[PDB]
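Here is protein04.txt, consisting of compact mmCIF, C-alpha atoms:
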# COMPACT_ATOMS: atom_id res chain seq x y z
CA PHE A 381 24.74 104.81 -0.25
CA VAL A 382 22.56 107.64 1.02
CA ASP A 383 21.12 106.07 4.15
CA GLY A 384 23.79 106.29 6.85
CA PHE A 385 23.19 102.82 8.25
CA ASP A 386 23.50 101.14 4.85
CA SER A 387 26.71 103.08 4.24
CA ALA A 388 28.18 101.76 7.48
CA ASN A 389 27.16 98.17 6.73
CA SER A 390 29.26 98.05 3.58
CA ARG A 391 32.20 99.56 5.44
CA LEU A 392 32.29 96.74 7.99
CA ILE A 393 31.65 93.94 5.53
CA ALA A 394 34.57 94.96 3.34
CA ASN A 395 36.70 94.80 6.49
CA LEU A 396 38.47 91.45 6.48
CA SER A 397 39.27 91.34 10.19
CA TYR A 398 35.58 90.98 11.08
CA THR A 399 34.74 88.29 8.51
CA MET A 400 37.63 86.41 10.11
CA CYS A 401 35.78 86.64 13.43
CA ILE A 402 32.27 86.06 12.16
CA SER A 403 33.76 83.02 10.46
CA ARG A 404 34.88 81.69 13.83
CA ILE A 405 31.24 81.50 14.87
CA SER A 406 30.46 79.24 11.93
CA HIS A 407 33.30 77.02 13.17
CA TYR A 408 31.41 76.95 16.44
CA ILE A 409 27.94 76.14 15.14
CA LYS A 410 28.87 73.53 12.52
CA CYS A 411 31.28 71.88 14.97
CA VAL A 412 29.91 71.93 18.51
CA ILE A 413 26.12 71.86 18.18
CA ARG A 414 26.69 68.66 16.19
CA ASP A 415 26.96 66.94 19.56
CA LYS A 416 23.32 67.62 20.43
CA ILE A 417 21.94 66.65 17.05
CA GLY A 418 19.51 64.10 18.46
CA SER A 419 18.85 65.64 21.86
CA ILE A 420 15.45 67.14 22.51
CA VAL A 421 15.83 70.89 22.26
CA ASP A 422 13.68 73.93 21.59
CA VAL A 423 13.67 77.40 20.16
CA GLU A 424 14.41 78.63 23.67
CA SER A 425 17.17 76.06 24.25
CA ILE A 426 19.26 76.66 21.14
CA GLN A 427 19.11 80.37 21.89
CA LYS A 428 20.64 79.44 25.24
CA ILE A 429 23.55 77.23 24.16
CA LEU A 430 24.56 79.51 21.31
CA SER A 431 24.24 82.70 23.36
CA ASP A 432 25.73 81.48 26.65
CA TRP A 433 28.90 80.88 24.67
CA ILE A 434 29.29 84.08 22.67
CA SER A 435 28.28 86.07 25.75
CA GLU A 436 31.81 85.86 27.18
CA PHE A 437 33.12 87.73 24.12
CA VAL A 438 30.81 90.75 24.08
CA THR A 439 31.31 93.94 26.05
CA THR A 440 30.89 97.69 25.92
CA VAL A 441 33.46 98.74 28.49
CA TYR A 442 37.03 99.27 27.27
CA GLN A 443 40.01 97.62 28.91
CA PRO A 444 43.42 99.29 29.30
CA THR A 445 45.89 98.45 26.52
CA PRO A 446 44.78 96.99 23.18
CA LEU A 447 45.54 93.35 23.88
CA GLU A 448 43.55 93.20 27.12
CA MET A 449 40.52 94.47 25.20
CA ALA A 450 40.92 92.59 21.91
CA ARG A 451 39.88 89.54 23.95
CA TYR A 452 36.42 90.98 23.24
CA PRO A 453 35.88 91.25 19.49
CA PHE A 454 32.14 91.89 19.38
CA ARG A 455 30.09 94.72 20.88
CA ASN A 456 26.66 93.10 21.01
CA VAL A 457 24.79 90.21 19.42
CA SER A 458 21.24 89.10 18.67
CA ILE A 459 20.26 85.46 18.20
CA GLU A 460 16.68 84.91 17.06
CA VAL A 461 16.20 81.26 16.16
CA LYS A 462 12.77 79.92 15.31
CA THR A 463 11.24 76.65 14.20
CA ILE A 464 9.81 76.31 10.71
CA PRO A 465 6.55 74.66 9.64
CA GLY A 466 6.56 71.23 8.05
CA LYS A 467 9.94 70.03 9.29
CA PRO A 468 9.42 69.42 13.03
CA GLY A 469 13.00 68.77 14.15
CA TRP A 470 14.47 71.50 11.95
CA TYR A 471 15.15 75.14 12.81
CA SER A 472 16.49 78.33 11.24
CA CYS A 473 18.76 80.70 13.13
CA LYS A 474 19.66 84.29 12.28
CA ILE A 475 22.39 86.03 14.24
CA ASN A 476 23.72 89.53 13.86
CA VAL A 477 27.00 90.79 15.26
CA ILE A 478 28.32 94.32 15.65
CA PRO A 479 32.10 94.16 16.02
CA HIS A 480 34.11 96.76 17.91
CA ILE A 481 34.62 99.33 15.17
CA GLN A 482 38.27 100.13 14.70
CA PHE A 483 39.85 103.53 14.36
CA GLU A 484 40.35 104.51 10.71
CA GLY A 485 41.30 108.21 10.61
CA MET A 486 40.07 111.73 11.32
CA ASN A 487 40.13 115.33 10.13
CA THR A 488 40.86 118.28 12.41
CA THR A 489 40.42 122.04 12.16
CA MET A 490 42.57 124.12 14.50
CA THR A 491 41.73 127.79 14.97
CA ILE A 492 42.37 130.77 17.23
CA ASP A 493 38.85 131.52 18.47
CA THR A 494 39.46 134.40 20.88
CA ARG A 495 35.80 133.94 21.85
CA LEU A 496 36.31 131.09 24.28
CA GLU A 497 37.54 133.36 27.07
CA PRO A 498 35.65 136.65 26.56
CA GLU A 499 36.92 137.92 29.91
CA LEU A 500 40.15 138.91 28.12
CA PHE A 501 38.81 140.16 24.77
CA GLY A 502 35.29 141.27 25.65
CA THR A 503 34.06 144.85 25.72
CA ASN A 504 33.22 144.98 29.43
CA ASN A 505 36.44 145.64 31.33
CA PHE B 381 -28.99 40.65 13.67
CA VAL B 382 -29.29 44.17 12.28
CA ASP B 383 -31.00 45.93 15.16
CA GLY B 384 -28.32 46.69 17.76
CA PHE B 385 -30.46 45.79 20.76
CA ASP B 386 -31.39 42.38 19.36
CA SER B 387 -27.73 41.74 18.60
CA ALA B 388 -26.80 42.45 22.22
CA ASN B 389 -29.57 40.23 23.59
CA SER B 390 -28.17 37.14 21.91
CA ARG B 391 -24.70 38.00 23.17
CA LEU B 392 -25.78 37.95 26.82
CA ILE B 393 -28.01 34.91 26.54
CA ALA B 394 -25.22 32.79 25.10
CA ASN B 395 -23.15 33.85 28.11
CA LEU B 396 -23.34 31.04 30.65
CA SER B 397 -22.33 33.10 33.69
CA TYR B 398 -25.57 35.10 33.54
CA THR B 399 -27.92 32.12 33.07
CA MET B 400 -26.25 30.80 36.20
CA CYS B 401 -27.38 33.95 38.00
CA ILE B 402 -30.80 34.29 36.45
CA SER B 403 -31.25 30.67 37.47
CA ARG B 404 -30.61 31.62 41.09
CA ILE B 405 -33.72 33.80 40.97
CA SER B 406 -35.83 30.81 39.97
CA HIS B 407 -34.40 29.06 43.03
CA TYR B 408 -35.72 32.02 44.97
CA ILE B 409 -39.23 32.19 43.56
CA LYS B 410 -40.03 28.46 43.49
CA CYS B 411 -38.56 28.04 46.97
CA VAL B 412 -39.34 31.02 49.17
CA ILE B 413 -42.64 32.42 47.93
CA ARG B 414 -43.99 28.92 48.58
CA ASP B 415 -44.28 30.01 52.20
CA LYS B 416 -46.96 32.59 51.43
CA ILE B 417 -48.98 30.36 49.14
CA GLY B 418 -52.21 30.83 51.09
CA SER B 419 -51.65 34.31 52.48
CA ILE B 420 -53.72 37.14 51.09
CA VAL B 421 -51.52 39.07 48.70
CA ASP B 422 -51.88 41.40 45.75
CA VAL B 423 -50.27 42.55 42.55
CA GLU B 424 -48.66 45.30 44.61
CA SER B 425 -47.54 42.93 47.37
CA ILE B 426 -45.77 40.30 45.28
CA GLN B 427 -43.93 43.11 43.51
CA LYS B 428 -42.75 44.11 46.98
CA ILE B 429 -41.50 40.78 48.34
CA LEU B 430 -39.77 39.81 45.11
CA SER B 431 -38.22 43.25 44.58
CA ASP B 432 -37.22 44.04 48.17
CA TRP B 433 -35.01 40.97 47.95
CA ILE B 434 -33.26 41.40 44.61
CA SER B 435 -32.79 45.09 45.38
CA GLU B 436 -29.74 44.36 47.55
CA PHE B 437 -27.99 42.89 44.50
CA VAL B 438 -28.44 45.70 41.98
CA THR B 439 -26.18 48.71 41.61
CA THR B 440 -24.65 51.08 39.09
CA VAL B 441 -21.65 52.30 41.06
CA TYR B 442 -18.46 50.24 40.82
CA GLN B 443 -16.57 49.02 43.86
CA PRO B 444 -12.77 48.80 44.06
CA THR B 445 -11.37 45.36 43.21
CA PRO B 446 -13.41 42.74 41.32
CA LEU B 447 -14.54 40.67 44.29
CA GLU B 448 -15.98 43.61 46.23
CA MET B 449 -18.12 44.43 43.19
CA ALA B 450 -19.08 40.92 42.03
CA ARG B 451 -21.30 40.90 45.12
CA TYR B 452 -23.60 42.82 42.76
CA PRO B 453 -24.32 40.72 39.67
CA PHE B 454 -27.20 42.68 38.16
CA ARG B 455 -27.36 46.28 36.98
CA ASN B 456 -31.11 46.90 37.12
CA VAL B 457 -34.34 44.91 37.20
CA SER B 458 -38.02 45.30 36.35
CA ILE B 459 -40.75 43.22 37.97
CA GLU B 460 -44.21 43.70 36.48
CA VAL B 461 -46.56 41.11 37.92
CA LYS B 462 -50.27 41.23 37.18
CA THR B 463 -53.35 39.20 37.95
CA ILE B 464 -55.11 37.30 35.18
CA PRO B 465 -58.84 37.02 34.50
CA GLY B 466 -60.74 33.88 35.44
CA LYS B 467 -58.33 32.50 38.02
CA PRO B 468 -58.70 34.85 41.02
CA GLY B 469 -55.86 33.63 43.23
CA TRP B 470 -53.44 33.17 40.34
CA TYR B 471 -50.91 35.65 38.92
CA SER B 472 -48.32 35.94 36.17
CA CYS B 473 -44.97 37.63 36.74
CA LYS B 474 -42.47 38.84 34.15
CA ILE B 475 -39.05 39.99 35.28
CA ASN B 476 -36.17 41.27 33.21
CA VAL B 477 -32.58 41.52 34.38
CA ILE B 478 -29.62 43.34 32.86
CA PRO B 479 -26.43 41.82 34.28
CA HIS B 480 -23.19 43.77 34.63
CA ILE B 481 -21.73 43.28 31.17
CA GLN B 482 -18.26 41.84 31.34
CA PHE B 483 -15.21 42.98 29.43
CA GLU B 484 -14.68 40.92 26.27
CA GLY B 485 -11.99 42.67 24.19
CA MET B 486 -11.18 45.81 22.21
CA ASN B 487 -9.42 47.16 19.13
CA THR B 488 -7.06 50.14 19.21
CA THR B 489 -5.55 52.44 16.59
CA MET B 490 -2.42 54.30 17.63
CA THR B 491 -1.23 57.21 15.49
CA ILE B 492 1.07 60.23 15.50
CA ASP B 493 -1.43 63.05 15.00
CA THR B 494 0.80 66.12 15.18
CA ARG B 495 -2.46 68.09 15.16
CA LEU B 496 -3.22 67.77 18.85
CA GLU B 497 -0.73 70.45 19.86
CA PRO B 498 -0.73 72.94 16.94
CA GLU B 499 1.36 75.37 18.99
CA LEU B 500 4.43 73.36 17.94
CA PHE B 501 3.58 72.47 14.33
CA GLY B 502 1.22 75.27 13.33
CA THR B 503 1.99 78.02 10.84
CA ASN B 504 1.72 80.94 13.27
CA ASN B 505 5.01 81.19 15.16

Is it possible to express this structure as structure tokens?
Amino acid sequence: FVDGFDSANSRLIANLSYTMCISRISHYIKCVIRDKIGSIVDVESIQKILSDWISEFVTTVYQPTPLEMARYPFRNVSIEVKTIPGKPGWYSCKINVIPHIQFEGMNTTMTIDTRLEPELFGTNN
Amino acid sequence: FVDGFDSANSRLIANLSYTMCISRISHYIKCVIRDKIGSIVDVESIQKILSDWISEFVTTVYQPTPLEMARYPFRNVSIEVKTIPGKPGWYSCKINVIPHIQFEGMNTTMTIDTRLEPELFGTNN
């Protein structure tokens, strides 16, 4: 792709390790929210239960060592649920998760600049 | 009857409890006004004596509890007396009383509208 964002999307989706994690959210929704299937809830209530959970797994700060940080898979999440017309008791969620992007490689160009410290190679001396 | 007023007339006349009350006015006229049978009185004077009495028994406001309100049987009354030709000392009254109409029953249609609060079922959301 040309657009940078689109190009990055496809790079994260191909990555298995994330779809393993995003899958674990499906095992949360269709598993736990089943309990409150009859309870009276709202657009603002489902956004609470579903967010209050995942919130303990999202950070920006990095912890020392890999293990102590891998506790936090995701970086940040949006959860915009909203009721639909017609069906009164039905809803339609739409989450979006940005996982902590892993290292994958890097190029590097070394060079003798001799321009960094001009005090040693400059004209004025 | 077709005419609504006429239909309501016959509904109140059949009602015994009123004819008991309207009867108590007859026991007032042919009983009390007998005192001033020889006194000099007028069309405007008989309308006073007969009205000043019944006036304490006519209201529109409702009192708490049934008993405290049943003190007032009638709602409103007209009293149009008028002298007749020929007989000078004779008159001819014509009162008309509307008693406090009692409860008698009611129908009721319950329904789930779902149109009362469109903020929850409307399209715009």

*So, counting all atoms listed in the file, which residue among B:464, B:396, B:457, B:500 is closest to chain A?*
B:500

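Note that atom CA of residue B:435 and atom CA of residue B:447 are 18.8 Å apart.
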
Give me the residues near residue A:430 as an mmCIF file with C-alpha atoms, keeping the file's coordinate frame, where near means some atom within 9 Å (using only C-alpha atoms) and where sequence neighbours in that chain fewer than 3 positions away do not count.
data_model
loop_
_atom_site.group_PDB
_atom_site.id
_atom_site.type_symbol
_atom_site.label_atom_id
_atom_site.label_comp_id
_atom_site.auth_asym_id
_atom_site.auth_seq_id
_atom_site.Cartn_x
_atom_site.Cartn_y
_atom_site.Cartn_z
ATOM 1 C CA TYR A 408 31.410 76.950 16.440
ATOM 2 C CA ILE A 409 27.940 76.140 15.140
ATOM 3 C CA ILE A 413 26.120 71.860 18.180
ATOM 4 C CA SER A 425 17.170 76.060 24.250
ATOM 5 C CA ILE A 426 19.260 76.660 21.140
ATOM 6 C CA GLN A 427 19.110 80.370 21.890
ATOM 7 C CA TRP A 433 28.900 80.880 24.670
ATOM 8 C CA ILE A 434 29.290 84.080 22.670
ATOM 9 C CA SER A 435 28.280 86.070 25.750
ATOM 10 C CA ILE A 459 20.260 85.460 18.200
#

Using all C-alpha atoms paired in order, least-squares fit chain A onto chain B and give me the moved copy as an mmCIF file with C-alpha atoms, keeping the file's coordinate frame.
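Dumped everything to out-v3.cif:
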data_model
loop_
_atom_site.group_PDB
_atom_site.id
_atom_site.type_symbol
_atom_site.label_atom_id
_atom_site.label_comp_id
_atom_site.auth_asym_id
_atom_site.auth_seq_id
_atom_site.Cartn_x
_atom_site.Cartn_y
_atom_site.Cartn_z
ATOM 1 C CA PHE A 381 -28.995 40.656 13.679
ATOM 2 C CA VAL A 382 -29.291 44.166 12.278
ATOM 3 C CA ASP A 383 -30.996 45.933 15.159
ATOM 4 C CA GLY A 384 -28.323 46.692 17.756
ATOM 5 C CA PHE A 385 -30.454 45.792 20.758
ATOM 6 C CA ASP A 386 -31.393 42.379 19.362
ATOM 7 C CA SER A 387 -27.725 41.735 18.604
ATOM 8 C CA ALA A 388 -26.804 42.450 22.216
ATOM 9 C CA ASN A 389 -29.577 40.231 23.586
ATOM 10 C CA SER A 390 -28.167 37.141 21.911
ATOM 11 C CA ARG A 391 -24.694 38.000 23.168
ATOM 12 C CA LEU A 392 -25.786 37.955 26.811
ATOM 13 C CA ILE A 393 -28.009 34.908 26.537
ATOM 14 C CA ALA A 394 -25.220 32.785 25.096
ATOM 15 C CA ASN A 395 -23.154 33.851 28.110
ATOM 16 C CA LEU A 396 -23.343 31.045 30.650
ATOM 17 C CA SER A 397 -22.332 33.097 33.680
ATOM 18 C CA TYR A 398 -25.578 35.091 33.542
ATOM 19 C CA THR A 399 -27.928 32.125 33.063
ATOM 20 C CA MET A 400 -26.246 30.787 36.198
ATOM 21 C CA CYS A 401 -27.369 33.947 38.001
ATOM 22 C CA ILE A 402 -30.796 34.292 36.451
ATOM 23 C CA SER A 403 -31.241 30.672 37.473
ATOM 24 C CA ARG A 404 -30.611 31.620 41.090
ATOM 25 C CA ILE A 405 -33.713 33.795 40.972
ATOM 26 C CA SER A 406 -35.832 30.816 39.973
ATOM 27 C CA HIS A 407 -34.402 29.055 43.036
ATOM 28 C CA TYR A 408 -35.717 32.019 44.975
ATOM 29 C CA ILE A 409 -39.230 32.187 43.555
ATOM 30 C CA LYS A 410 -40.031 28.460 43.479
ATOM 31 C CA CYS A 411 -38.555 28.037 46.969
ATOM 32 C CA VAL A 412 -39.336 31.024 49.177
ATOM 33 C CA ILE A 413 -42.646 32.425 47.931
ATOM 34 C CA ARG A 414 -43.990 28.919 48.584
ATOM 35 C CA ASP A 415 -44.284 30.005 52.206
ATOM 36 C CA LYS A 416 -46.962 32.592 51.427
ATOM 37 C CA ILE A 417 -48.984 30.362 49.145
ATOM 38 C CA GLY A 418 -52.212 30.828 51.084
ATOM 39 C CA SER A 419 -51.643 34.310 52.469
ATOM 40 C CA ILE A 420 -53.722 37.140 51.090
ATOM 41 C CA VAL A 421 -51.518 39.071 48.705
ATOM 42 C CA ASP A 422 -51.882 41.404 45.749
ATOM 43 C CA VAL A 423 -50.276 42.551 42.557
ATOM 44 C CA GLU A 424 -48.656 45.305 44.600
ATOM 45 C CA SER A 425 -47.541 42.928 47.369
ATOM 46 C CA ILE A 426 -45.770 40.303 45.278
ATOM 47 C CA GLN A 427 -43.937 43.108 43.511
ATOM 48 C CA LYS A 428 -42.755 44.105 46.980
ATOM 49 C CA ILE A 429 -41.500 40.775 48.342
ATOM 50 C CA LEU A 430 -39.772 39.811 45.113
ATOM 51 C CA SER A 431 -38.214 43.242 44.580
ATOM 52 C CA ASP A 432 -37.220 44.041 48.172
ATOM 53 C CA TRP A 433 -35.018 40.970 47.951
ATOM 54 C CA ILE A 434 -33.266 41.400 44.614
ATOM 55 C CA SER A 435 -32.801 45.094 45.389
ATOM 56 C CA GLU A 436 -29.741 44.370 47.549
ATOM 57 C CA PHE A 437 -27.987 42.888 44.499
ATOM 58 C CA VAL A 438 -28.433 45.698 41.977
ATOM 59 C CA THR A 439 -26.182 48.715 41.610
ATOM 60 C CA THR A 440 -24.650 51.077 39.094
ATOM 61 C CA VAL A 441 -21.653 52.294 41.057
ATOM 62 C CA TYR A 442 -18.457 50.235 40.814
ATOM 63 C CA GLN A 443 -16.577 49.023 43.862
ATOM 64 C CA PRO A 444 -12.772 48.794 44.064
ATOM 65 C CA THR A 445 -11.374 45.353 43.206
ATOM 66 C CA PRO A 446 -13.409 42.736 41.329
ATOM 67 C CA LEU A 447 -14.535 40.671 44.293
ATOM 68 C CA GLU A 448 -15.979 43.610 46.231
ATOM 69 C CA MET A 449 -18.124 44.428 43.196
ATOM 70 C CA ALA A 450 -19.076 40.928 42.030
ATOM 71 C CA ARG A 451 -21.304 40.901 45.125
ATOM 72 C CA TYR A 452 -23.605 42.816 42.761
ATOM 73 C CA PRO A 453 -24.317 40.720 39.675
ATOM 74 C CA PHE A 454 -27.202 42.674 38.169
ATOM 75 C CA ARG A 455 -27.363 46.281 36.973
ATOM 76 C CA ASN A 456 -31.105 46.894 37.119
ATOM 77 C CA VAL A 457 -34.337 44.912 37.204
ATOM 78 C CA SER A 458 -38.014 45.301 36.353
ATOM 79 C CA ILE A 459 -40.749 43.220 37.972
ATOM 80 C CA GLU A 460 -44.208 43.700 36.481
ATOM 81 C CA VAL A 461 -46.565 41.109 37.926
ATOM 82 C CA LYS A 462 -50.267 41.239 37.176
ATOM 83 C CA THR A 463 -53.350 39.198 37.943
ATOM 84 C CA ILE A 464 -55.106 37.297 35.178
ATOM 85 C CA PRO A 465 -58.843 37.019 34.502
ATOM 86 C CA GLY A 466 -60.740 33.886 35.437
ATOM 87 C CA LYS A 467 -58.331 32.504 38.023
ATOM 88 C CA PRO A 468 -58.699 34.853 41.019
ATOM 89 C CA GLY A 469 -55.852 33.635 43.233
ATOM 90 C CA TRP A 470 -53.436 33.174 40.335
ATOM 91 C CA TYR A 471 -50.917 35.645 38.921
ATOM 92 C CA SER A 472 -48.313 35.938 36.170
ATOM 93 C CA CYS A 473 -44.973 37.630 36.736
ATOM 94 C CA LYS A 474 -42.467 38.837 34.150
ATOM 95 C CA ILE A 475 -39.047 39.994 35.282
ATOM 96 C CA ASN A 476 -36.171 41.270 33.217
ATOM 97 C CA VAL A 477 -32.581 41.524 34.382
ATOM 98 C CA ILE A 478 -29.619 43.335 32.865
ATOM 99 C CA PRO A 479 -26.430 41.826 34.279
ATOM 100 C CA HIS A 480 -23.195 43.771 34.633
ATOM 101 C CA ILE A 481 -21.737 43.275 31.169
ATOM 102 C CA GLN A 482 -18.257 41.844 31.336
ATOM 103 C CA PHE A 483 -15.214 42.977 29.431
ATOM 104 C CA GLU A 484 -14.666 40.920 26.269
ATOM 105 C CA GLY A 485 -11.984 42.670 24.183
ATOM 106 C CA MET A 486 -11.175 45.807 22.206
ATOM 107 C CA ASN A 487 -9.418 47.162 19.130
ATOM 108 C CA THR A 488 -7.061 50.140 19.204
ATOM 109 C CA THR A 489 -5.553 52.437 16.587
ATOM 110 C CA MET A 490 -2.417 54.306 17.632
ATOM 111 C CA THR A 491 -1.223 57.203 15.492
ATOM 112 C CA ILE A 492 1.071 60.226 15.508
ATOM 113 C CA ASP A 493 -1.430 63.048 14.993
ATOM 114 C CA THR A 494 0.803 66.123 15.173
ATOM 115 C CA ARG A 495 -2.461 68.097 15.163
ATOM 116 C CA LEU A 496 -3.221 67.770 18.851
ATOM 117 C CA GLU A 497 -0.728 70.458 19.858
ATOM 118 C CA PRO A 498 -0.726 72.934 16.938
ATOM 119 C CA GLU A 499 1.350 75.373 18.984
ATOM 120 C CA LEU A 500 4.431 73.362 17.943
ATOM 121 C CA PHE A 501 3.574 72.475 14.329
ATOM 122 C CA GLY A 502 1.218 75.275 13.327
ATOM 123 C CA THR A 503 1.992 78.023 10.840
ATOM 124 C CA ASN A 504 1.722 80.939 13.270
ATOM 125 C CA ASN A 505 5.007 81.189 15.157
#

*asked:* Would you mind listing, as an MDAnalysis selection string, all residues of chain A that have at least one atom within 10 Å of chain B, where all atoms listed in the file are what counts?
replied: chainID A and resid 422 462:468

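Distances to residue B:424 were evaluated for B:441, B:393, B:461, B:405 using all atoms listed in the file, and the minimum falls at B:461.
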
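The shortest atom-to-atom distance to residue A:404, with only C-alpha atoms taken into account, belongs to A:454 out of A:440, A:481, A:454, A:383.
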
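Checking B:401, B:411, B:473, B:492 one by one against residue B:451, counting all atoms listed in the file, you find the shortest gap at B:401.
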
*Of the listed residues A:388, A:394, A:402, A:423, that which approaches residue A:469 most closely, counting only C-alpha atoms*: A:423
